[PDB]
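Accompanying notes for the structure given below.
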There are 2 protein chains.
Amino acid sequence: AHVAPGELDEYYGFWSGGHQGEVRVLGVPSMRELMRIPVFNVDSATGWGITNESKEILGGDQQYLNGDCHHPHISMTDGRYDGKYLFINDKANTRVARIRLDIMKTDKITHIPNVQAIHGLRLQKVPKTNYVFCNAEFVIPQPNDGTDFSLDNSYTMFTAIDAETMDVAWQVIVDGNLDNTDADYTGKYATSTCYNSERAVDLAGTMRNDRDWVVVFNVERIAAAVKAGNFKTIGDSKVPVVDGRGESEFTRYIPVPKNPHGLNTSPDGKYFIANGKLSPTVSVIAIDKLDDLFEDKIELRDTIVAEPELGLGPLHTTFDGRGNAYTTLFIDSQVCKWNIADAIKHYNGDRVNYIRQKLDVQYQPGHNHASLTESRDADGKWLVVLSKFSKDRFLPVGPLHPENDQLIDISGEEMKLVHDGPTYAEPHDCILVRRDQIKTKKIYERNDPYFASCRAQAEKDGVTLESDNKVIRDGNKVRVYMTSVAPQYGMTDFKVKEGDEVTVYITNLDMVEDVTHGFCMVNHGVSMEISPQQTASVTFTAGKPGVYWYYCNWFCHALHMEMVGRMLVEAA
Amino acid sequence: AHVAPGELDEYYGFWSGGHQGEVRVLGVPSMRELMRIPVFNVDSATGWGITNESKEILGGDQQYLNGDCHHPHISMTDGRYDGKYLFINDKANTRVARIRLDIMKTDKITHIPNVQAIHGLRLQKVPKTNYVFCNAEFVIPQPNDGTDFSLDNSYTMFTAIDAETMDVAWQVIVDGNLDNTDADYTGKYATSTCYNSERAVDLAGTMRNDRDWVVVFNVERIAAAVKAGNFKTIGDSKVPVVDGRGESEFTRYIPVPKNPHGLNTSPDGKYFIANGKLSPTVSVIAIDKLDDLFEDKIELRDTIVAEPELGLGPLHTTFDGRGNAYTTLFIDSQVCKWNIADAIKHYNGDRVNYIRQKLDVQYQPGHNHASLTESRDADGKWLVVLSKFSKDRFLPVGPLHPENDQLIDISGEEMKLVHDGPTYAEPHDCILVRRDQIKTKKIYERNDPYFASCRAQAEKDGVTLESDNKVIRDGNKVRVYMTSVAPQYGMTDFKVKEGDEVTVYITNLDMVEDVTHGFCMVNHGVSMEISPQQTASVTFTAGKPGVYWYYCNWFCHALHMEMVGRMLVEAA
Ligand code: CUZ
Ligand code: CUZ
Ligand code: CUA
Ligand code: CUA
Ligand SMILES: [Ca+2]
Ligand SMILES: [Ca+2]
Ligand SMILES: [Ca+2]
Ligand SMILES: [Ca+2]
Ligand SMILES: [Cl-]
Ligand SMILES: [Cl-]
């Protein structure tokens, strides 16, 4: 539970950043932040959102200075974390991102078409992560061209993204909306909760029905239908779309108690658990009974194997791999450990007690996460509870309070609070992985994708990134290529004309671990990272004529303050 | 050294964010991050840099998505922290910010004229903080208009800003350049180190002279000159400028060993210590002899009371108020604890040993900080060393490694490492203040300056922010006012035309601490924080026609997911 100087943490903790936009890498159990991976935010340090490389990844036809990421998930191979990728959603601007875990950098960014607010997101587990499943939370007209604002004709869709290409594979139109989602351990099924079957906007209308549902998607059927060419296209997108509304061979709507929120798959792979929220219950769906349900051999609610009452406001559930479940109670402000088997029995008529313990969590719990819970290897050692209010938990810091993610020891019979972790800009879910499930690199290979465009442009200009220090003029454009080692840039002076579009390419020749350099052009709003053997580039417009210094902003040597240069801008 | 769940830290830690741009509030000794104060960066969560209130403070005639802050400092009254303000520099885009500690929010941002790269920054101690002292590191021509790029005619200036106004008071032209700075405990003197007395750009040139210097500013004489109107102006700035180059009544250049970096004032108020960097020494200037020096009664070097050899790469120094100093040795990678009195004796010819202890610090130490070291009340209990490399200290996370700020117990006669705190995007210096020296507010007053502009616009529109939910049309401009409580916005639908400049004002009526709300408009790159009793606005351009949902991104209630609305954009 304690990590001293010189010792290392056992698990990596990938924390969603919420509406702050980044992904935070913490070490567990110390609970310290080890790194920040910019994603939908603009990082002033590494220059993510500023550098050309990052802007090419972000794409889009408009620059977004924000994002809202909630659900980080790691790629899998046969129900086990393989550590290659980490995917996460953007509810603010309808995007999904992919992070390269070998270097901890956003790799791909995709815009989901004809849909709005990507919220729920999870990956396929078996045979491996071929599909990234995403939920669009808000219903809108199809197409959303402004010719019909009515909620009557507003719908949302379920989106499947090809994990290796990050291109959308297909979308499934559904009824109501989509909140959270999860997949099984076969690859055939995926499911999502719904809280707005009423497709209303006002509160009163979204709480109307006593029950909403859990939509089950038959990925096998859906994929077949798309392969056979039986699909349509919406708007200007070419993405294959299938209809999963009403009586469809692609979907099954299992009614669930009021505005269900979380939806979690158990490690054993036989239960999809929907969280009640408005209903003080949880709904346990049997994945084993799904085949018959899609064959109309049984009734919709026959898939329900249990629906135990736990407390007020259940939002998310996680598992210890020992048959117990842990659910957060928002309103009662606590986490509840209960036995699934006992819940199955109690549901059938028994009197067995299924609730084993209730631990008071410090102010309104949201997501819940137990180590390796999303894999066959759920070890039941650690449980993280991410609360939404910190009230008096930490020193006062103004009207804006931090969130409080508490580390709880669940390796034993009883839950024991171990650490109170203050956090910024509301994280939602998080995922822990064993130190050995990730294979990190320390220095870049010169053919790395993260700067393939840089050498492509270099080849055209006839420059050798690893040794040249040239200035190339191309009309109003000016490309400057520099090299960096020790406390010096391969170039300490260059001239351009006011208004010129200047691009600077910095290639870091140092090969010693942790010897990172930076580049910052004064009064030009430019900054970027250049770790060992990397090439990064940033373009800006030269300001009014005069002298503008540039310097390394990454302390790299005793002569760091001196790692400088001057850009001379003359009247055009 | 340990803070258990439920307990509180003893000191607040205000960490600089380096080129990441923000200020970080940590609790000591837990070393946990309690809050992030956006300053020069753009926060996707609170909306700093996106909201109208922040953009108004940011000012400027250009948008900057980046910043580089190194030195956070807290206002004082008679040499003691008074907890009213925190000031920090921006080296990337030449600015200085001010933070209101009552709400932990940036309150003022000033662009410094005719100068570049604000680095060193520190406050006046006695009688109180009236002046904010800033160093500009890179020499530029005066004025910088592109008619003469030569280094021969490039210079920099020492800037004093009025703390309460945040308007530049005056500037002092100097020879060489300016690195770091500190002030005495009387109000008469301020001093800065210089590493480029050669005013060169190439590495070898900046190291040419055996000695550089510490420039001492007679503030008393500089203010007198300004009051009498004996000053000039440069370029478009009306700021008073005095010449401190060569033989001046305003300045005194005390030669100090090779490219000195840090410059710290001892708690007893009698020493200005310059760190030798390229020289394995430290230079102790007696502030007591400064009066005679500005009267030419003594020689420049006569002010030097000690110049002890400590190790390779001394960068910064701090004190325990017990007569001992602690210096970081960048190259030898360690912190050195030496007695100041003994160094004085040794310099006089004695044989006494001044070095008490050398503690290996984990990889290249930068800034150094002892609790309350900048005030008369230096308690000498905690020491924070902020290193630039972490290497094997934490779990691997890619080519980019985190920094390592180590907490050291110094209350005893022996330094003892206690904690290894990983940190993102290079923080430089930090300041620790007692829990009781900070008086924070939990909710806003409806007359808070932070939204004065909002209610001034409200008045003109004849709207009562605390109870109105109206849509005021102003040609192509549309001002939407909404109220907010529990899980609902006071409005759930409004219309505008494609291309309309929409400004959404949100007022949070809840009175319960920690009950914060947010606002985000899907696909419009907008997000903002609205804490208890606060009003905030954000303006954007209505995109193409169609439906666009807006929602609360600050988990505030069990019905948080439902706290939404719809903006309908119709073809113009
Ligand atoms: Cu925070 S939802 Cu978005 Cu995940 Cu419970
Ligand atoms: Cu800017 S320097 Cu030793 Cu302060 Cu980092
Ligand atoms: Cu490169 Cu500092
Ligand atoms: Cu207001 Cu969530
Ligand atoms: Ca409902
Ligand atoms: Ca909160
Ligand atoms: Ca020098
Ligand atoms: Ca570093
Ligand atoms: Cl979930
Ligand atoms: Cl300093």
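Note on naming: chains are A, B, ... as they come in the structure tokens, residues start from 1 per chain, ligands start from 1 in the order shown.
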Apply DSSP to the backbone of this structure and, from stretch 146-267 of chain A, keep only the residues in alpha helix (DSSP H); write these as number ranges by chain. A: 203-206, 219-227
Mind writing the picked residues with C-alpha atoms as a PDB file, in the first residue's frame?
```
ATOM      1  CA  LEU A 203     -36.267  16.064 -17.094  1.00  0.00           C
ATOM      2  CA  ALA A 204     -39.882  14.971 -16.518  1.00  0.00           C
ATOM      3  CA  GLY A 205     -39.986  13.245 -19.896  1.00  0.00           C
ATOM      4  CA  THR A 206     -36.737  11.310 -19.451  1.00  0.00           C
ATOM      5  CA  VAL A 219     -22.384  -8.252 -33.671  1.00  0.00           C
ATOM      6  CA  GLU A 220     -22.217 -11.514 -35.608  1.00  0.00           C
ATOM      7  CA  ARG A 221     -25.472 -10.778 -37.446  1.00  0.00           C
ATOM      8  CA  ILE A 222     -24.720  -7.085 -37.876  1.00  0.00           C
ATOM      9  CA  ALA A 223     -21.333  -7.800 -39.417  1.00  0.00           C
ATOM     10  CA  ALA A 224     -22.819 -10.393 -41.757  1.00  0.00           C
ATOM     11  CA  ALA A 225     -25.509  -8.000 -42.917  1.00  0.00           C
ATOM     12  CA  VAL A 226     -22.926  -5.327 -43.679  1.00  0.00           C
ATOM     13  CA  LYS A 227     -20.719  -7.771 -45.545  1.00  0.00           C
TER      14      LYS A 227
END
```
Would you pick out the contacts of stretch 311-314 of chain A at 6 Å or less, using only C-alpha atoms, so that residues sharing its chain but fewer than 5 positions from it are not included, and give the list as a count of residues only? 9
Shell of 8 Å around stretch 70-74 of chain B, only C-alpha atoms, local chain residues under 3 positions omitted, as a PyMOL selection string: chain B and resi 14-18+23+81-91+119-123+427-431
Go through chain B and flag each residue having an atom no more than 10 Å from ligand 6; for those, report the closest pair of atoms plus their distance in Å to one decimal, using only C-alpha atoms and all ligand atoms, ordered by chain and rising number, as CSV.
```
residue,atom,partner,partner_atom_place_in_ligand_line,distance
B:514,CA,ligand 6,1 (Ca),6.4
B:515,CA,ligand 6,1 (Ca),7.3
B:516,CA,ligand 6,1 (Ca),6.8
B:517,CA,ligand 6,1 (Ca),9.0
B:554,CA,ligand 6,1 (Ca),6.7
B:555,CA,ligand 6,1 (Ca),6.5
B:556,CA,ligand 6,1 (Ca),7.3
```
Can you list, as a list in words, every protein, DNA or RNA residue that comes within 6 Å of stretch 48-61 of chain A when you count only C-alpha atoms, leaving out same-chain residues fewer than 2 positions away?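 Here the answer would be residues 42, 43, 46, 108, 109, 537 and 538 of chain A.
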Could you give me the residues within 8 Å of ligand 4, counting only C-alpha atoms and all ligand atoms, as a list in words?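 Protein and nucleic-acid residues within 8 Å of ligand 4: residues 484, 485, 486, 487, 488, 489, 516, 517, 518, 551, 552, 553, 554, 555, 556, 557, 559, 560, 561 and 563 of chain B.
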Straight-line distance linking atom CA of residue B:278 with atom CA of residue B:258, stated in Å to one decimal: 5.2 Å
Within-6 Å residues of ligand 10, basis only C-alpha atoms and all ligand atoms, as a PyMOL selection string: chain B and resi 180+262-264+316
Compile a residue-level contact table for stretch 49-164 of chain A against stretch 367-379 of chain A at a cut-off of 9 Å, reporting for every qualifying residue the shortest atom pair and its distance in Å to one decimal, with only C-alpha atoms counted, rows ordered by chain and ascending number, as CSV.
```
residue,atom,partner,partner_atom,distance
A:73,CA,A:374,CA,8.9
A:76,CA,A:375,CA,8.2
A:78,CA,A:376,CA,8.6
A:79,CA,A:375,CA,5.3
A:80,CA,A:375,CA,5.1
A:81,CA,A:375,CA,6.7
A:125,CA,A:375,CA,8.1
```
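Backbone DSSP of stretch 235-275 of chain A yields strand (DSSP E or B) at residues 241, 242, 243, 251, 252, 253, 254, 255, 256, 257, 263, 264, 265, 271, 272, 273, 274 and 275 of chain A.
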Any chance you can output those residues with N, CA and C atoms as a short mmCIF file (atom, residue, chain, number, x, y, z; two decimals), in the first residue's frame?
```
data_model
loop_
_atom_site.label_atom_id
_atom_site.label_comp_id
_atom_site.auth_asym_id
_atom_site.auth_seq_id
_atom_site.Cartn_x
_atom_site.Cartn_y
_atom_site.Cartn_z
N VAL A 241 -24.82 1.58 -42.43
CA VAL A 241 -25.80 1.70 -41.34
C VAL A 241 -26.91 0.65 -41.44
N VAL A 242 -27.19 -0.02 -40.32
CA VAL A 242 -28.26 -1.01 -40.25
C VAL A 242 -29.29 -0.52 -39.23
N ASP A 243 -30.55 -0.91 -39.42
CA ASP A 243 -31.63 -0.48 -38.53
C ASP A 243 -31.84 -1.47 -37.39
N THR A 251 -30.99 -6.32 -32.88
CA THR A 251 -31.10 -5.92 -31.48
C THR A 251 -32.19 -6.62 -30.68
N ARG A 252 -32.04 -6.52 -29.36
CA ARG A 252 -33.00 -7.08 -28.41
C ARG A 252 -33.06 -6.07 -27.27
N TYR A 253 -34.26 -5.63 -26.92
CA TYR A 253 -34.41 -4.64 -25.85
C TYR A 253 -34.96 -5.24 -24.56
N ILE A 254 -34.07 -5.45 -23.60
CA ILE A 254 -34.45 -6.01 -22.32
C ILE A 254 -34.77 -4.88 -21.37
N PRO A 255 -36.04 -4.77 -20.94
CA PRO A 255 -36.48 -3.72 -20.02
C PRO A 255 -35.74 -3.74 -18.69
N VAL A 256 -35.28 -2.57 -18.26
CA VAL A 256 -34.55 -2.45 -17.01
C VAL A 256 -34.98 -1.22 -16.21
N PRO A 257 -35.13 -1.38 -14.89
CA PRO A 257 -35.53 -0.36 -13.92
C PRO A 257 -34.86 1.02 -14.02
N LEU A 263 -23.04 -0.37 -17.20
CA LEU A 263 -23.30 -1.69 -17.75
C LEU A 263 -21.95 -2.41 -17.73
N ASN A 264 -21.83 -3.42 -16.88
CA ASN A 264 -20.57 -4.13 -16.74
C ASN A 264 -20.61 -5.64 -16.92
N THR A 265 -19.60 -6.17 -17.60
CA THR A 265 -19.49 -7.59 -17.84
C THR A 265 -18.64 -8.23 -16.74
N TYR A 271 -22.24 -12.66 -17.22
CA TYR A 271 -23.21 -11.66 -16.79
C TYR A 271 -22.97 -10.24 -17.27
N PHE A 272 -24.03 -9.61 -17.75
CA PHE A 272 -24.00 -8.21 -18.17
C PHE A 272 -24.79 -7.60 -17.02
N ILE A 273 -24.19 -6.70 -16.27
CA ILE A 273 -24.90 -6.09 -15.16
C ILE A 273 -25.22 -4.62 -15.40
N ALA A 274 -26.51 -4.30 -15.44
CA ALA A 274 -26.96 -2.93 -15.65
C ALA A 274 -27.20 -2.30 -14.28
N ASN A 275 -26.84 -1.03 -14.13
CA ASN A 275 -27.01 -0.35 -12.85
C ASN A 275 -28.29 0.51 -12.83
#
```
